[PDB]
């Protein structure tokens, strides 16, 4: 098997790695990191100047063996609106970002 990664996923993952890669979970710093991830991934989207509203959410979980499950549902225009979720991890943390684009 083989695969080529779509552009949105690749550029979101890069924004995460740039923002937090090389770092170990530190409770007092992570709220600022999580805010930086969302802001840098929103900038990934808005620099393209496309006619959409965007929502970007991110979560950073310390790695400790806990189970975690996420899901989303939307009421929108399925012909034009969409979302992408990316998961990223290192030895001490998992970071999941989801972006949603809604045509205006």
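Numbering follows the first chain given and starts at 1.
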| property | result |
| --- | --- |
| Between the two ranges 58-66 and 22-30, the one averaging a larger CA B factor in the entry | 22-30 |
| Lowest, middle or highest third - CA B-factor, residue 15 | highest |
| Entry-reported Cα temperature factor of residue 78, expressed as the chain third it lands in | middle |
| Record-listed C-alpha B factor of residue 9: chain third | middle |
| Chain thirds of CA B-factor: placement of residue 40 | middle |
